[PDB]
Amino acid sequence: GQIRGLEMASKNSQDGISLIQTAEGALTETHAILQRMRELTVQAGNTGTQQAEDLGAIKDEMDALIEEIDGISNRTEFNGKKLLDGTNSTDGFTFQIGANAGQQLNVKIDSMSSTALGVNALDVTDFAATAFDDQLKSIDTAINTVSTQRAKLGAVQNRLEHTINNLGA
């Protein structure tokens, strides 16, 4: 009967890993979109006074990229559960990984929508109202947020790899 318990804790650990991998995959997409937004913002800041017509084309692209962030936030799922829209973020995901009850692991993932990341309001045609530095900072804070969430999930994945080796021994 003790063998069944180890088998179970192990399967639940692997499943935690697959969940985390799905989230890590989506977060790296968010990260990439945010860095492209950053680069577009930089290019906008370097746009000359006679070249101001370019700014509208930049805003168009960033707006579509903000939409993509939201698409990722809303669709990303594992085992029928949304991972990145914040809807599971107060309870979190709980995995039964111990060979006895009580030994347990809870993973919280914050929302990665454009609103939650604070990159919703970006507007490269309006540096006159919302400073370039503030817009860039919003984007950098969002990059840090995504990157920190990914790093956090990496730590939990590592914990789950060790738990699987432990149960096998």
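All residue numbers refer to positions in the sequence shown, first residue = 1.
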{"query": "Greater mean Cα temperature factor according to the PDB record, 51-59 or 38-46", "finding": "51-59"}
{"query": "159-167 set against 3-11, stretch whose average Cα temperature factor tops the other in the entry", "finding": "3-11"}
{"query": "C-alpha B-factor winner, where the candidates are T28, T130, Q104, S111", "finding": "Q104"}
{"query": "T115 CA temperature factor, ranked by third within the chain", "finding": "middle"}
